[PDB]
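*Asks:* Sharing a structure, written as structure tokens. Questions coming.
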Amino acid sequence: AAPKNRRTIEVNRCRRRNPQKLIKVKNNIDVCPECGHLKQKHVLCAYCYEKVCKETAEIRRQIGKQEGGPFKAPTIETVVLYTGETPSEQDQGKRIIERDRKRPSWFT
Amino acid sequence: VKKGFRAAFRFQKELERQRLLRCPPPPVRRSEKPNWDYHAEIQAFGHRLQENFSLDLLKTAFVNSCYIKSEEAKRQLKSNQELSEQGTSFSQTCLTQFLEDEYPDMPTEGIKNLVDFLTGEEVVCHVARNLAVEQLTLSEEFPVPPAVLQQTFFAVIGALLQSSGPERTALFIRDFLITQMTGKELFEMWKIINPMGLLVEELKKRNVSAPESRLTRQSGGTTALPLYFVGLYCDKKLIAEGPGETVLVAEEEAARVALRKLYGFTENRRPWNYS
Amino acid sequence: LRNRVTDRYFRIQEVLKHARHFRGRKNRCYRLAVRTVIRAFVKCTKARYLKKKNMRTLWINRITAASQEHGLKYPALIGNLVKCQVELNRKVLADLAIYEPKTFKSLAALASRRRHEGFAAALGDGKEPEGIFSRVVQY
Amino acid sequence: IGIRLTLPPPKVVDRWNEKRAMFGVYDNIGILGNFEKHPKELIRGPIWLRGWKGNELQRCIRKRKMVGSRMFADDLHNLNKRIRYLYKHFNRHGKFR
RNA sequence: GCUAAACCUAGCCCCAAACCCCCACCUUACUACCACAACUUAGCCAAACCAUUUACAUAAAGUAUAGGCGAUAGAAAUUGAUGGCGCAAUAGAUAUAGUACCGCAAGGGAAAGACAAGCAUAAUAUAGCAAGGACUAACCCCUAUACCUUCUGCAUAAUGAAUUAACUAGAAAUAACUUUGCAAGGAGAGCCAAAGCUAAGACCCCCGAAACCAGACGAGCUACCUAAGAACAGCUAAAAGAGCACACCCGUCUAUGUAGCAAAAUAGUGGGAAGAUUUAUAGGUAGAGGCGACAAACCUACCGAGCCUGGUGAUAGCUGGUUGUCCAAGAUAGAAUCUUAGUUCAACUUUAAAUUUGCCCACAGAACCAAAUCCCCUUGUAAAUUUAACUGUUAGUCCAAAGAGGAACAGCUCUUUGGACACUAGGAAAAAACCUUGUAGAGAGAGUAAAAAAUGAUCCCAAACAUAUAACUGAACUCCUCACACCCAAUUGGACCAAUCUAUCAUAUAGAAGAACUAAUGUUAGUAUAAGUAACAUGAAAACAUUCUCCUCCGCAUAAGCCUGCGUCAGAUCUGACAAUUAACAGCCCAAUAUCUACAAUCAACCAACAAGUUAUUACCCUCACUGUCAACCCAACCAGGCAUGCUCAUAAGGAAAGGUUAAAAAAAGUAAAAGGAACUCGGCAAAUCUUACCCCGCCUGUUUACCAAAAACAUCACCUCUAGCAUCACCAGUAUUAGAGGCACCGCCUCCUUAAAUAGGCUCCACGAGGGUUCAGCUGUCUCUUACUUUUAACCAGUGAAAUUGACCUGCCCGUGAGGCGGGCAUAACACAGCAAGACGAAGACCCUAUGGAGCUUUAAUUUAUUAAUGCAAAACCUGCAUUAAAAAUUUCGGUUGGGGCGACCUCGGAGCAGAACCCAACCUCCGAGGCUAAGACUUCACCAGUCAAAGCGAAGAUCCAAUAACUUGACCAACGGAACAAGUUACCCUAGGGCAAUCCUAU
Ligand SMILES: [Mg+2]
Ligand SMILES: [Mg+2]
Ligand SMILES: [Mg+2]
Ligand SMILES: [Mg+2]
Ligand SMILES: [Mg+2]
Ligand SMILES: [Mg+2]
Ligand SMILES: [Mg+2]
Ligand SMILES: [Mg+2]
Ligand SMILES: [Mg+2]
Ligand SMILES: [Mg+2]
Ligand SMILES: [Mg+2]
Ligand SMILES: [Mg+2]
Ligand SMILES: [Mg+2]
Ligand SMILES: [Mg+2]
Ligand SMILES: [Mg+2]
Ligand SMILES: [Mg+2]
Ligand SMILES: [Mg+2]
Ligand SMILES: [Mg+2]
Ligand SMILES: [Mg+2]
Ligand SMILES: [Mg+2]
Ligand SMILES: [Mg+2]
Ligand SMILES: [Mg+2]
Ligand SMILES: [Mg+2]
Ligand SMILES: [Mg+2]
Ligand SMILES: [Mg+2]
Ligand SMILES: [Mg+2]
Ligand SMILES: [Mg+2]
Ligand SMILES: [Mg+2]
Ligand SMILES: [Mg+2]
Ligand SMILES: [Mg+2]
Ligand SMILES: [Mg+2]
Ligand SMILES: [Mg+2]
Ligand SMILES: [Mg+2]
Ligand SMILES: [Mg+2]
Ligand SMILES: [Mg+2]
Ligand SMILES: [Mg+2]
Ligand SMILES: [Mg+2]
Ligand SMILES: [Mg+2]
Ligand SMILES: [Zn+2]
């Protein structure tokens, strides 16, 4: 059907500003104790995750530049090595994806 | 644009009125606003009270040392100290005489307290604002500080005394200061603590044992809104009765009423005789 | 446009000023403010009659309470104070009951006295001497 | 809100210009002039209203008679329609018969 | 604090004066370049219909005169002739512009530029028209049935309003009254004058029909037709309006959708699909007309008569509205009327003025055949009559009483006497109508009036009380202190006045006028409510190169349409600049004259048919110019719709059904289902399965109500009837075996069973039917009786974000009154979210009545023959004028009271009971007939018009208008008897304005 009467600003305020409709204050924010950026407990530090995705993208660009075209999933493991890092004794027989910047401190 | 002028001017006046309710101007001496001539004002101050002030003494009774100093400093005559002293001293003596004769039994401490109340700042400032002393008085800071109003008011009483003699001044004091006792209870002007002690002292002076506090009536003993009616006694004869919510407060009030009855200051005392 | 009302604002504010204290849209919208303001003033006029009626009924209640405090109903008090030619009205009777208990005690005693005199007289045979309080004073 | 806020500019009227200082002069040219002229012969204005008065119907009829043949086509058609309407109204509508 | 609010001029209105202004373009307009013509206003509207009729200087004069002598129309002789008490951006022109935009078209036609509402700051706390009395105190207590308009009053019975701002509705004569001048004369020629004249002042609204007539624009949709084109796979069958079935066309049944994807679509199921088929392109028919396989079907979304402009501000006895303050008088006899939805007269009301009796009222008095009434001396009173001048109301409801009608009842129709209501206030519960009470202000004073019970269906309904002296309570009545014009509708009189302009001051005195908005489903602009609700959108991963999953009757091109509408760059979340589409394809054509021009196409050969389908002569020896060329596109307001042809027939081309989540209800689509298999239901609608038999109608294929009917209707071969003997614009380049107009519908023959149970089914005449009815067998979630899963919807998170609706709301239940809001009881801390549909008479379409509204249809209703066709008569072998007869049309109307509206009666006047006793009083209540002249004074049919009696005195014993008339006067109709001069039946296609306590009986004691 249709309304029988306009609804006043008072009723509309008792509806719109009722607590159930308010935005709740979040009790689960904190500071990355080492890195020092904001984060929720159960979620990754956004800044750290972005700085990881950047390096993943650069590595993957090198991988694409080396594999040539599509349909070339290798049949061996892969290892990524930064400048001035000779292939360790454990990484022989694994594809090497050379990169041209110093290894990040967070890359172990 | 609607053509016209009357509605525009009317709206401007209404806006000005509203703008003089929010952001009111800083209050300023009545002796600066328009329509002011001191001579007519002081003469009218005289004639209004039904008193024949001597014009020169009344003139110098509204001038204060602060104003003289500020005039001396701002430029690059007598002051009202002596009149103020005479007026304050006479006011104290005459009020003491009035209260003593009206209330004989009251102790000298109580009479002195009443006299300090009536001649205090809280009441003198009230009687001095509602008789246009602030408008005529000369000072530095407006509003005039209550102490300066007090000293100017008693300077005016001193001028009145030096002009028209003691009896007329006494009538003036009866008319403006004593009237302020109207309605007030005794212990709203004579602020005391520990009333039961004072009752015991006064009863001892009259050579009778200290009073026994009993419980005359009670309702709602356990609730949060009790009523205890505590009645003092003096050798099997009542001398007071007080209400309260705690028994301690009821006893205190019984002491207060007994003190009032002994000092002749009850609620239903013979009202002062102004005629 | 030759003539246009240049001051409709003031004619509106003459009616809104009496509605600032209302609740709803009918304290700022003229079409509703007018109707409720008119009802307000009609009740304001018509309410003085009720003011008198209500204060009188309050006084009758207070006087009934006070008179019952002294074992004497309200019919007796009024219907036998006038028989003693006391023209105290009800406003002042209520004020006496609240603020002067012993004076009201005396008035109640007087009423009971006159009531007893009336009963004794009517119980008798003839026109035996009238009661000491039942003697009228003529103008 | 329908009320202006600032004050209007002041309309200055010069009560002693030539048009006002000499108003009415020669409005007794008849009585004081041996009746050579008549006051109506000083009324400046429309050809069909100099010294004549009437309600709208008579005014329109007079306009039609005296300058109807000089009017623009659309104005003249409006005038004829107006006369038709006024005739109907003044002769059939109204409180009083 | 936002939103806003404010401003000036750009210009315009009315006067005066003056008479105004390179190229291309009628073909397809804006295109360099080849053989016809132009020359009476009808009608809306008045007469309350309508038919003759009806309007387009001053003075004479609204006179002569015309006229259903009604409404109204109306002369002449003669007379004499630069400005603004304007607008200032919703005004003024429509204007910044006849642009944007709407329409195919005629045509329509804008907007704008310089702390109002709404919100936030600041959500709410029992209870209730949201206020008032108040109070120390916001709520709590007591009082309190929203506003406008229409009906007798209306609880909201109904209509209207979300809210703010701006704009929006009383114009004028004939008399009269008031104040001036002059006064037997007034007036600045015309006119009036037995105190009148001259001047001024005062008084007469807004929005809205269906319609009518005239001239333009429309057949790009649809109906039909013309010219020249196009499409129709495969199978079966071979020349057929053949069968099954694609493309294509239509639109049977169901479901979704109902502001939707769409102002008629989607999904399935269906009919046709070589023909009476379907279809692209240009042309034609034009509005009382076209077209029509007749359905009142269609003619550019709305056709029992298109659309636009004009007459037009149509008219409206109908609906709705109508704006400052205050006071005062103020209401229900009646008559006539194509009249009862209205008008006029009277009665009543109001104002001003004159005069003297007015009301009440005893005694007396009013007929022969109960209440009271009439009439006046006094008396209480102060009013009444008369004159001058206007409007407004009029056939009201309830109660007491007496009657008539229906029982002496039906809350019943009507007449009469009185009261009340529509005016204040208090009571009986709420309460217009009963009882009490009126003349109005303030009081925190007082006295009273009326006023209390006795001894069937949601949920009983104030709580209680047998025995302390009878008085008290109780109003706006009355008294008291003060002040006084300060409580009716329609109407009428009066005193004031907001704002603007002008004159003079320079806010006042005057003069003016677009001069005042709580209300017209008013208009324009702003912002709300429903609402952050309904709805919408982006396949996945990624290394932004790419890969993967899935889908399509799709895609590419030409045509038609559109006109730069996802190319680059630069600014943003679309704006500007730059760039582009290259002719061989397609369009743009042709020197003249005569001649010819018999045989089809279908693989064109066999058979077989019917619908029958260019050159010889003369003239010219010139060369490629011009235009289209783009795209994601067009018609549908932006779109699950519409869109011709060629080719690909499932794709070499093209795309994305899920924004993220969870897996509630109700809803939608689909899949599965135990046993039973129509017991569902109006019906086997839907679904699953595939068979049979009959009956009614129509012969068959086909066509129809674009958008509720596809049929038993239309058409159709066959048959029959009627008319017609014949030239160059149709029939027809036809000729009785022909053509046109009708009816019918080939052909032949004549002019008890069924079920267990049953109101259902049961001229011959093959074939066919989305036609109607019935039956066998099967089948199935139709059902007994529902259940699970999936998808969309859904609910939550994020983005974007409407609309109907809305008087205000601080929005309860039960019982009673007449219901959330009144009364009496009960209940009651505030607040979201998702559901439901009992209530908020919750938000299009019907039916009855009315209008002296509209439009029709038929006629044996009235008027006409103007136009046509015959004749007849004059006119010089043909046309002109007159007359008669006919068809064809054209204009026009539809009286009143009523069983239950219809049928049928009556309609004027008169006499008897109602109406007992001056007057008057209804009936479709009760019973019957009729059609000499002059003159004081009076009566009356409740008006007027008519009508009636009459002393004396003088002389003898059913209207008006019209016609014939010398006349003295005269008549019919007007009987619908206050009378249109002459008009009926009907609207199932209708449109607009509006209104809406039972005589006789059933049953129990
Ligand atoms: Mg009273
Ligand atoms: Mg007419
Ligand atoms: Mg404009
Ligand atoms: Mg405009
Ligand atoms: Mg505001
Ligand atoms: Mg209601
Ligand atoms: Mg409404
Ligand atoms: Mg066509
Ligand atoms: Mg009208
Ligand atoms: Mg009528
Ligand atoms: Mg009155
Ligand atoms: Mg008499
Ligand atoms: Mg009175
Ligand atoms: Mg003024
Ligand atoms: Mg106006
Ligand atoms: Mg409005
Ligand atoms: Mg909702
Ligand atoms: Mg949704
Ligand atoms: Mg080209
Ligand atoms: Mg070519
Ligand atoms: Mg191309
Ligand atoms: Mg592809
Ligand atoms: Mg999608
Ligand atoms: Mg979703
Ligand atoms: Mg099953
Ligand atoms: Mg068929
Ligand atoms: Mg069929
Ligand atoms: Mg959301
Ligand atoms: Mg009820
Ligand atoms: Mg809800
Ligand atoms: Mg009628
Ligand atoms: Mg009619
Ligand atoms: Mg009779
Ligand atoms: Mg009669
Ligand atoms: Mg008569
Ligand atoms: Mg005679
Ligand atoms: Mg008649
Ligand atoms: Mg009659
Ligand atoms: Zn971190």
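Note on naming: chains are A, B, ... as they come in the structure tokens, residues start from 1 per chain, ligands start from 1 in the order shown.
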Residues at most 10 Å from ligand 33, using only C-alpha atoms (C1' of nucleotides) and all ligand atoms? Could they come as a count of residues only?
*Replies:* 6
*Asks:* Return as a ChimeraX atom specification every polymer residue, whether protein, DNA or RNA, with at least one atom no more than 12 Å from an atom of ligand 29; count only C-alpha atoms (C1' of nucleotides) and all ligand atoms.
*Replies:* /E:458,813-820,822
*Asks:* For ligand 13, collect every residue having any atom at a distance of at most 10 Å from a ligand atom (counting only C-alpha atoms (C1' of nucleotides) and all ligand atoms); output as a PyMOL selection string.
*Replies:* chain E and resi 438-440+476-478
*Asks:* Print the selection's residues with N, CA and C atoms (P, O5', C5', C4', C3', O3' and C1' of nucleotides) to a file, as a PDB file, in the first residue's frame.
*Replies:*
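Wrote it out as again_18.pdb, contents follow:
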```pdb
ATOM      1  P     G E 438     -32.204  33.551  32.276  1.00  0.00           P
ATOM      2  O5'   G E 438     -31.964  33.761  30.716  1.00  0.00           O
ATOM      3  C5'   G E 438     -31.379  34.948  30.203  1.00  0.00           C
ATOM      4  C4'   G E 438     -30.069  34.660  29.521  1.00  0.00           C
ATOM      5  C3'   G E 438     -29.318  35.862  28.983  1.00  0.00           C
ATOM      6  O3'   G E 438     -28.602  36.538  29.990  1.00  0.00           O
ATOM      7  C1'   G E 438     -29.304  34.123  27.377  1.00  0.00           C
ATOM      8  P     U E 439     -28.036  38.012  29.729  1.00  0.00           P
ATOM      9  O5'   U E 439     -26.569  37.759  29.172  1.00  0.00           O
ATOM     10  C5'   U E 439     -26.306  37.793  27.778  1.00  0.00           C
ATOM     11  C4'   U E 439     -25.557  39.038  27.384  1.00  0.00           C
ATOM     12  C3'   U E 439     -25.952  40.301  28.144  1.00  0.00           C
ATOM     13  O3'   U E 439     -24.830  41.174  28.285  1.00  0.00           O
ATOM     14  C1'   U E 439     -26.446  40.570  25.847  1.00  0.00           C
ATOM     15  P     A E 440     -23.756  40.939  29.458  1.00  0.00           P
ATOM     16  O5'   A E 440     -23.072  39.565  29.052  1.00  0.00           O
ATOM     17  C5'   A E 440     -21.764  39.233  29.491  1.00  0.00           C
ATOM     18  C4'   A E 440     -20.972  38.550  28.403  1.00  0.00           C
ATOM     19  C3'   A E 440     -19.743  39.316  27.919  1.00  0.00           C
ATOM     20  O3'   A E 440     -18.730  38.390  27.550  1.00  0.00           O
ATOM     21  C1'   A E 440     -21.150  38.909  26.108  1.00  0.00           C
ATOM     22  P     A E 476     -20.312  31.172  35.829  1.00  0.00           P
ATOM     23  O5'   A E 476     -21.051  31.928  34.650  1.00  0.00           O
ATOM     24  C5'   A E 476     -20.633  33.218  34.234  1.00  0.00           C
ATOM     25  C4'   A E 476     -21.315  33.622  32.954  1.00  0.00           C
ATOM     26  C3'   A E 476     -22.648  32.932  32.696  1.00  0.00           C
ATOM     27  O3'   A E 476     -23.510  33.815  31.983  1.00  0.00           O
ATOM     28  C1'   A E 476     -21.161  32.426  30.950  1.00  0.00           C
ATOM     29  P     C E 477     -24.388  34.905  32.765  1.00  0.00           P
ATOM     30  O5'   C E 477     -25.586  34.056  33.366  1.00  0.00           O
ATOM     31  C5'   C E 477     -26.743  33.784  32.599  1.00  0.00           C
ATOM     32  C4'   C E 477     -27.967  33.740  33.469  1.00  0.00           C
ATOM     33  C3'   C E 477     -28.015  34.781  34.578  1.00  0.00           C
ATOM     34  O3'   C E 477     -28.586  36.004  34.149  1.00  0.00           O
ATOM     35  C1'   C E 477     -28.353  32.644  35.505  1.00  0.00           C
ATOM     36  P     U E 478     -27.814  37.393  34.355  1.00  0.00           P
ATOM     37  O5'   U E 478     -27.927  37.654  35.917  1.00  0.00           O
ATOM     38  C5'   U E 478     -29.207  37.817  36.499  1.00  0.00           C
ATOM     39  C4'   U E 478     -29.203  37.750  38.010  1.00  0.00           C
ATOM     40  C3'   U E 478     -28.186  38.603  38.744  1.00  0.00           C
ATOM     41  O3'   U E 478     -28.558  39.963  38.843  1.00  0.00           O
ATOM     42  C1'   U E 478     -28.169  36.442  39.650  1.00  0.00           C
TER      43        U E 478
END
```
*Asks:* Report, in Å to a single decimal, how far apart atom CA of residue D:96 and atom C1' of residue E:204 are.
*Replies:* 5.4 Å
*Asks:* So how far away is atom CA of residue B:59 from atom CA of residue B:159, in Å?
*Replies:*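 Straight-line distance from atom CA of residue B:159 to atom CA of residue B:59 works out to 9.1 Å.
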*Asks:* Could you list, as a PyMOL selection string, all protein and nucleic acid residues with an atom at most 8 Å from ligand 25, counting only C-alpha atoms (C1' of nucleotides) and all ligand atoms?
*Replies:* chain E and resi 673-674+781
*Asks:* Output C-alpha atoms (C1' of nucleotides) for every residue in that selection, as a PDB file, in the first residue's frame.
*Replies:*
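After the write, result.pdb holds the following:
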```
ATOM      1  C1'   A E 673       9.523 -38.702  -5.725  1.00  0.00           C
ATOM      2  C1'   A E 674       6.997 -44.018  -2.034  1.00  0.00           C
ATOM      3  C1'   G E 781       2.693 -33.669  -7.490  1.00  0.00           C
TER       4        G E 781
END
```
*Asks:* Using only C-alpha atoms (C1' of nucleotides), which residues sit within 10 Å of stretch 68-84 of chain D once same-chain residues fewer than 2 positions away are excluded, as number ranges by chain?
*Replies:* D: 56-66, 86-89; E: 55-56, 311-313
*Asks:* Enumerate residues in contact with ligand 16: an atom-to-atom distance of at most 9 Å, counting only C-alpha atoms (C1' of nucleotides) and all ligand atoms. Format the result as a list in words.
*Replies:*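 For ligand 16, the residues inside 9 Å are residues 161, 519, 520 and 522 of chain E.
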*Asks:* Starting from chain C, keep only residues with some atom at most 10 Å from an atom of chain B, counting only C-alpha atoms, and report them as a list in words.
*Replies:*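 Every residue meeting the condition is included here: residues 1, 2, 3, 4, 5, 6, 7, 8, 9 and 10 of chain C.
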*Asks:* For residue E:292, please output as a PDB file with C-alpha atoms (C1' of nucleotides), in the first residue's frame all residues within 12 Å (counting only C-alpha atoms (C1' of nucleotides); exclusion window: fewer than 2 positions along the same chain).
*Replies:*
```
ATOM      1  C1'   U E 222      -2.654   1.020 -39.740  1.00  0.00           C
ATOM      2  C1'   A E 223      -7.145  -0.220 -44.069  1.00  0.00           C
ATOM      3  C1'   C E 224      -7.161  -0.722 -49.245  1.00  0.00           C
ATOM      4  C1'   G E 290     -11.122   7.976 -46.768  1.00  0.00           C
ATOM      5  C1'   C E 294     -18.909  -5.210 -40.802  1.00  0.00           C
ATOM      6  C1'   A E 295     -15.560  -5.420 -35.278  1.00  0.00           C
ATOM      7  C1'   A E 296     -18.314   1.202 -35.247  1.00  0.00           C
ATOM      8  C1'   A E 297     -12.484  -1.999 -37.360  1.00  0.00           C
ATOM      9  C1'   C E 298      -8.544   1.533 -38.731  1.00  0.00           C
ATOM     10  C1'   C E 299      -6.937   6.496 -40.496  1.00  0.00           C
ATOM     11  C1'   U E 703     -10.250 -12.808 -42.473  1.00  0.00           C
ATOM     12  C1'   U E 704     -11.549  -9.977 -37.998  1.00  0.00           C
ATOM     13  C1'   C E 714     -17.102 -12.020 -42.041  1.00  0.00           C
TER      14        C E 714
END
```
*Asks:* Where does DSSP see strand (DSSP E or B) in chain A, if you list the residues as a PyMOL selection string?
*Replies:* chain A and resi 29-31+38-40+78-81+95-98
*Asks:* Please save N, CA and C atoms of the selected residues as an mmCIF file, in the first residue's frame.
*Replies:*
```cif
data_model
loop_
_atom_site.group_PDB
_atom_site.id
_atom_site.type_symbol
_atom_site.label_atom_id
_atom_site.label_comp_id
_atom_site.auth_asym_id
_atom_site.auth_seq_id
_atom_site.Cartn_x
_atom_site.Cartn_y
_atom_site.Cartn_z
ATOM 1 N N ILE A 29 42.027 -3.015 16.658
ATOM 2 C CA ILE A 29 43.095 -2.386 15.896
ATOM 3 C C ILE A 29 44.307 -2.292 16.802
ATOM 4 N N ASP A 30 45.495 -2.313 16.213
ATOM 5 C CA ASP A 30 46.714 -2.157 16.984
ATOM 6 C C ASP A 30 47.835 -1.772 16.033
ATOM 7 N N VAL A 31 49.060 -1.809 16.540
ATOM 8 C CA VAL A 31 50.240 -1.378 15.809
ATOM 9 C C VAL A 31 51.171 -2.569 15.644
ATOM 10 N N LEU A 38 49.553 0.411 11.322
ATOM 11 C CA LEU A 38 48.276 -0.037 11.849
ATOM 12 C C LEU A 38 47.898 -1.380 11.253
ATOM 13 N N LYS A 39 47.160 -2.173 12.016
ATOM 14 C CA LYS A 39 46.677 -3.435 11.487
ATOM 15 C C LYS A 39 45.603 -3.979 12.406
ATOM 16 N N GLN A 40 44.716 -4.778 11.832
ATOM 17 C CA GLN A 40 43.852 -5.598 12.655
ATOM 18 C C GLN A 40 44.577 -6.878 13.040
ATOM 19 N N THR A 78 62.399 -23.733 -8.344
ATOM 20 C CA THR A 78 62.934 -22.441 -8.738
ATOM 21 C C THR A 78 63.536 -21.754 -7.524
ATOM 22 N N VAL A 79 64.592 -20.984 -7.753
ATOM 23 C CA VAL A 79 65.215 -20.179 -6.713
ATOM 24 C C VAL A 79 65.527 -18.814 -7.294
ATOM 25 N N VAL A 80 65.346 -17.778 -6.489
ATOM 26 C CA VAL A 80 65.560 -16.404 -6.918
ATOM 27 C C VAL A 80 66.761 -15.856 -6.169
ATOM 28 N N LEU A 81 67.675 -15.230 -6.901
ATOM 29 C CA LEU A 81 68.942 -14.770 -6.355
ATOM 30 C C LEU A 81 69.139 -13.310 -6.712
ATOM 31 N N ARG A 95 66.026 -23.838 -11.383
ATOM 32 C CA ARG A 95 66.057 -22.659 -12.233
ATOM 33 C C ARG A 95 66.374 -21.427 -11.400
ATOM 34 N N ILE A 96 67.207 -20.548 -11.946
ATOM 35 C CA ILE A 96 67.610 -19.322 -11.270
ATOM 36 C C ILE A 96 66.909 -18.157 -11.947
ATOM 37 N N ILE A 97 66.323 -17.278 -11.148
ATOM 38 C CA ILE A 97 65.644 -16.085 -11.640
ATOM 39 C C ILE A 97 66.423 -14.895 -11.090
ATOM 40 N N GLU A 98 67.369 -14.396 -11.873
ATOM 41 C CA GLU A 98 68.226 -13.309 -11.431
ATOM 42 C C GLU A 98 67.429 -12.021 -11.285
#
```
*Asks:* Quick one: contact table of chain E to ligand 22, 10 Å max, nearest atom pair and distance in Å to one decimal per residue, counting only C-alpha atoms (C1' of nucleotides) and all ligand atoms, chain and number order, as a tab-separated table?
*Replies:*
```
residue	atom	partner	partner_atom_place_in_ligand_line	distance
E:651	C1'	ligand 22	1 (Mg)	9.6
E:652	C1'	ligand 22	1 (Mg)	9.0
E:653	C1'	ligand 22	1 (Mg)	6.6
E:654	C1'	ligand 22	1 (Mg)	6.1
E:655	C1'	ligand 22	1 (Mg)	7.7
```
*Asks:* Could you take the residues named above and write them with N, CA, C and O atoms (P, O5', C5', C4', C3', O3' and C1' of nucleotides), as a PDB file, in the first residue's frame?
*Replies:*
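Written file, part_39.pdb:
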```pdb
ATOM      1  P     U E 651      30.535 -25.964 -34.754  1.00  0.00           P
ATOM      2  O5'   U E 651      31.326 -25.030 -35.771  1.00  0.00           O
ATOM      3  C5'   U E 651      32.145 -23.969 -35.304  1.00  0.00           C
ATOM      4  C4'   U E 651      32.081 -22.778 -36.224  1.00  0.00           C
ATOM      5  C3'   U E 651      32.846 -21.546 -35.771  1.00  0.00           C
ATOM      6  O3'   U E 651      34.203 -21.599 -36.152  1.00  0.00           O
ATOM      7  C1'   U E 651      30.675 -20.937 -36.534  1.00  0.00           C
ATOM      8  P     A E 652      35.325 -20.973 -35.209  1.00  0.00           P
ATOM      9  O5'   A E 652      36.292 -20.207 -36.201  1.00  0.00           O
ATOM     10  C5'   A E 652      37.565 -19.775 -35.754  1.00  0.00           C
ATOM     11  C4'   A E 652      38.161 -18.760 -36.687  1.00  0.00           C
ATOM     12  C3'   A E 652      37.294 -17.538 -36.944  1.00  0.00           C
ATOM     13  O3'   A E 652      38.120 -16.398 -37.153  1.00  0.00           O
ATOM     14  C1'   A E 652      37.653 -18.683 -38.971  1.00  0.00           C
ATOM     15  P     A E 653      38.260 -15.303 -35.994  1.00  0.00           P
ATOM     16  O5'   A E 653      36.872 -14.528 -36.040  1.00  0.00           O
ATOM     17  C5'   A E 653      36.484 -13.775 -37.176  1.00  0.00           C
ATOM     18  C4'   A E 653      35.065 -13.279 -37.056  1.00  0.00           C
ATOM     19  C3'   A E 653      34.673 -12.716 -35.711  1.00  0.00           C
ATOM     20  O3'   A E 653      35.168 -11.414 -35.484  1.00  0.00           O
ATOM     21  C1'   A E 653      32.960 -14.131 -36.486  1.00  0.00           C
ATOM     22  P     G E 654      35.550 -10.961 -33.995  1.00  0.00           P
ATOM     23  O5'   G E 654      34.170 -11.020 -33.207  1.00  0.00           O
ATOM     24  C5'   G E 654      33.099 -10.171 -33.579  1.00  0.00           C
ATOM     25  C4'   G E 654      31.814 -10.522 -32.877  1.00  0.00           C
ATOM     26  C3'   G E 654      31.770 -10.291 -31.383  1.00  0.00           C
ATOM     27  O3'   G E 654      31.528  -8.941 -31.052  1.00  0.00           O
ATOM     28  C1'   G E 654      30.828 -12.395 -31.899  1.00  0.00           C
ATOM     29  P     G E 655      32.241  -8.294 -29.778  1.00  0.00           P
ATOM     30  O5'   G E 655      31.953  -9.347 -28.628  1.00  0.00           O
ATOM     31  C5'   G E 655      31.355  -8.959 -27.406  1.00  0.00           C
ATOM     32  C4'   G E 655      30.318  -9.956 -26.978  1.00  0.00           C
ATOM     33  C3'   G E 655      30.293 -10.287 -25.500  1.00  0.00           C
ATOM     34  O3'   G E 655      29.581  -9.327 -24.749  1.00  0.00           O
ATOM     35  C1'   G E 655      30.213 -12.276 -26.765  1.00  0.00           C
TER      36        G E 655
END
```
*Asks:* Could you list the residues in chain E lying within 6 Å of chain A, using only C-alpha atoms (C1' of nucleotides), and format the result as a ChimeraX atom specification?
*Replies:* /E:123,529,543,805-806,832,843
*Asks:* Ligand 27: which residues are within 10 Å, counting only C-alpha atoms (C1' of nucleotides) and all ligand atoms? Reply as a ChimeraX atom specification.
*Replies:* /E:252,271,710-711,769-771
